[PDB]
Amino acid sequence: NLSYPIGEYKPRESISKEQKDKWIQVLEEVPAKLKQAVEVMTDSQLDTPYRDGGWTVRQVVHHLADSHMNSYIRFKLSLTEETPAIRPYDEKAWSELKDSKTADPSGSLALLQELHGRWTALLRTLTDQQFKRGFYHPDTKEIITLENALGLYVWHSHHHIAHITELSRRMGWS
């Protein structure tokens, strides 16, 4: 399970207030946890693939920032339009841009901290009804509610963090 260290996100129809509130807290804490994992690494460690054939740690960090900026936008689209079709992006192509392969993680780590700050602030304003609003992914044709999207991105965060910490543990880094 190199590609999926903590499995995949399982959607449900029934998500409690306590569960939503906990996921919001977990989401706010993601950037610190990511920073803890990555700040110990030198450039050659950052440029080490997390698995054979896969992205480097540096790429994963920049991907989290790009993915989560897209997600935040999708939340605001969903709150302001009725089940909007969202705009997919080619995450593989984004990760192959020169910047994604060479930029220091610090800027993306700082962006993520502030982004998850604003995102969790938005989430704390939402009513139960607003959490039941959704959006449509054009490629996969599936509709996801905002409460499930919150669960999904808690998963996505920790999925990628686990790629990094697993690599770090396997290589004997800190």
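When you see a residue number, it is the position in the sequence shown, counting from 1.
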query: Which of 71-79 and 86-94 has higher mean CA B factor, as the PDB entry lists it; finding: 86-94
query: 57-65 or 35-43, whichever carries the higher mean Cα B-factor; finding: 35-43
query: Deposited CA B-factor, highest of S157, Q19, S14, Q25; finding: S14
query: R118 - Cα temperature factor, lowest/middle/highest third of chain; finding: lowest
query: Chain third (lowest, middle, highest) by recorded CA B-factor, residue given as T140; finding: highest
query: Record-listed C-alpha B factor of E147: chain third; finding: lowest
query: CA B-factor ranking of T127, expressed as a third of its chain; finding: highest
